[PDB]
Every structure is written in C-alpha cells, then in structure tokens.
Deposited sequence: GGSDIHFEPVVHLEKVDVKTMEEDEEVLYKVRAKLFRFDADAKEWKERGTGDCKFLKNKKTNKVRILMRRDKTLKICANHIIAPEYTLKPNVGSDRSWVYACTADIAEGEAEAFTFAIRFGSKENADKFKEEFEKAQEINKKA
C-alpha cells in the first residue's frame, strides 16, 4: 500500500575566479582603505553576454565589488607593488547607489595579477560586442 512519506547569480557563467584583496582610494584622507578580501569572479550574463566583476567578502559574503568591466577601463600598476592593479570605476553598486571609485586589487602573486589582467581585457572585448 502507498505509505505517504514525511543570490542573483544563477543566470551567469563564471569566466574567471581568483583570490584578491580590494582597496578603494580615499582622496580626502589621501590613502588606500581596504574594502574586502575574497573571491573575485568574472560573471557573464547569459541573456546579455555582459561581463561584470562580483567580489564577496569571506565569511560574511557581503559584496565589496559589483560593476561592469567597461571597455574604456584601463589597468595601471601601483608604485609599491608588482602584484596589483589600479583603475577608476564610474558605477559600482556594492553598497547600493552607483558610486564612482578608484579601485586597487592585489593578488597572491605576480602570476595571478598578470592572469587577471589578461582575463580583464578579454572581458572588455566581450562587453564591446
């Protein structure tokens, strides 16, 4: 007899993942301030094919970066590091309102930094099309 028994990321592909620490430059105070440490992901939207950066903090999983990898963004080195990149971002919605930031992102090694730069530019060509 029949006995009866008792994140908004699902539509995106992960193009690239890497551990990193994200900084944002405070112009007034004139210094870098950490914003989060965790996995930095490149997410391509399957509907629009637009690629973005999404980075969450370890443990709390709060978003510390969420913005399109604009084709006009440019990665520059920081004077005191060979495993970091700095660039300006005009619309990041990690904390809500689309603010503008000068970001810096540092990685475990120069290799991971250079690879990040390669994937960052690949994503910029995708967003171009």
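Missing from the model, by position in the deposited sequence, are residues 1 to 4, 11 to 19, 143.
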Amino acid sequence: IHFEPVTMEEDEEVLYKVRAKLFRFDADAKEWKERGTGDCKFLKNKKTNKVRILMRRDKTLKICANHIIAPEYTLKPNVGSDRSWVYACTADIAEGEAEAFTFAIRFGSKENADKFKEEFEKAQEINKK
From here on, numbers count along this sequence of modelled residues.
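Notably, residue 7 is an intermittent gap: at least a third of the other compared entries of this protein, restricted to those modelling both its neighbours, have no coordinates for it. Once the C-alpha B-factors are averaged per stretch, 7 to 15 and 108 to 116 rank with 7 to 15 first. In this crystal structure, the stretch out of 55 to 63 and 27 to 35 whose C-alpha atoms carry the higher mean B factor is 27 to 35. Each of 94, 91, 43, 40 has a CA temperature factor in the record; the biggest one is found at 91. The deposited CA B-factor of residue 98 belongs to the highest third of values across its chain. Residue-level temperature factors show residue 86 in the middle third of its chain, judged at the C-alpha atom.
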